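This report concerns only the one structure given below.
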Amino acid sequence: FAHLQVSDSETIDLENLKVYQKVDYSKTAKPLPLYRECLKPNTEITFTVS
RNA sequence: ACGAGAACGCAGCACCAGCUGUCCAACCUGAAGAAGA
């Protein structure tokens with residue numbers, strides 16, 4: 001990494017935003033208090049990482 | 001009633017002329033918002 005040059009991410013789309021619920025997996029799908037807006041699927045982002 | 005008396009070592013004259021406090025040098029190195037809210 002100290003000889004690698006990782007860069008930032010490029011543009012992430014604005015029309016691909018979709019709020020989602022966080023759920024539990026332990027033998028039941030009980031919702032959890034914290035929610036968050038997220039990014040909807042089938043979105044493509046690009047980089048320039050060499 | 002003195003080898004004496006009288007007699008400015010004084011007058012004119014720029015410590016001055018030319019000369020980059022410059023040249024080289026990355027404020028740089030190493031470091032996830034996860035996690036049982």
Side-chain angles (χ1 to χ4, degrees):
Chain A
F1 40 78
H3 292 40
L4 158 74
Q5 286 307 110
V6 58
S7 82
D8 279 344
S9 283
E10 299 178 352
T11 286
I12 281 175
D13 288 331
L14 189 139
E15 307 277 81
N16 280 112
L17 314 170
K18 175 69 173 62
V19 186
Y20 278 106
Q21 157 90 46
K22 68 188 291 284
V23 182
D24 196 357
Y25 166 71
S26 186
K27 80 192 174 182
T28 189
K30 56 203 170 52
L32 282 151
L34 308 190
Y35 301 171
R36 180 188 168 267
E37 165 201 357
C38 285
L39 192 73
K40 79 163 171 273
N42 63 47
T43 184
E44 283 166 19
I45 322 299
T46 66
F47 302 140
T48 55
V49 189
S50 302

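Residue numbers begin at 1 in each chain, while the letters A, B, ... track the order of the sequences.
One finds the CG atom of A:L4 at 10.0 Å from the OG atom of A:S50 (value rounded to the nearest 0.5 Å). Separation of atoms CD1 (A:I45) and CD1 (A:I12) is listed at 5.0 Å; rounding is to 0.5 Å.
In B:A32 the base sits anti relative to the sugar, since the glycosidic angle is further than 90° from 0. B:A26 adopts a syn glycosidic conformation, its chi angle falling within 90° of 0. By the rule that a glycosidic angle within 90° of 0 means syn, B:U20 counts as syn.
Separating the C1' atom of B:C28 from that of B:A32 is a span of 23 Å, rounded to the nearest Å. Atom name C1', nucleotides B:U29 and B:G33: the rounded distance is 24 Å, in whole Å. For the P atoms, the distance from B:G30 to B:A34 is 22 Å, rounded to whole Å.
Nucleic acid contact for A:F1: sugar-phosphate only, since backbone atoms but no base atoms lie under 4.0 Å from a heavy atom of the residue.
Pucker assignment for B:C27 gives south. The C1'-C2'-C3'-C4' angle has a negative sign. Nucleotide B:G33 shows a negative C1'-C2'-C3'-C4' value and thus a south, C2'-endo-like sugar. A negative value of the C1'-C2'-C3'-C4' dihedral assigns B:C8 to the south, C2'-endo side. Sugar conformation, B:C10: north. The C1'-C2'-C3'-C4' torsion carries a positive sign. Judged by the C1'-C2'-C3'-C4' torsion, which is positive here, the sugar of B:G12 sits on the north, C3'-endo side.
A:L17 and A:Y20 sit in two unconnected hydrophobic clusters of ILVMFWY residues. Membership requires side-chain heavy atoms under 4.5 Å apart, directly or through other members.
Between the P atom of B:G30 and the CG atom of A:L4 lies a distance of 11 Å, rounded to the nearest Å. Between the CD atom of A:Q5 and the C1' atom of B:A26 there is a distance of 14 Å, rounded to whole Å. If you take NZ of A:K30 and P of B:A37, they are 12 Å apart, rounded to a whole angstrom. Here the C1' atom of nucleotide B:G36 and the NZ atom of A:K22 are 9 Å apart, to the nearest Å.
Under a cut-off of 6.0 angstrom, the local environment of CG in A:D24 is crowded, with over 12 non-hydrogen atoms contributed by other residues, nucleotides or ligands. Taking a 6.0 Å sphere around CD of A:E15, one finds it holds 12 or fewer heavy atoms contributed by other residues, nucleotides or ligands.
Under the rule of centres below 5.5 angstrom and planes below 30 degrees, the bases of B:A31 and B:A32 are not stacked.
For A:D24, the side-chain atoms get nearest to B:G36 when compared with the rest of B:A37, B:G30, B:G36. Residue A:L32 places its side chain closer to B:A37 than to any other of B:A37, B:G36, B:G30.
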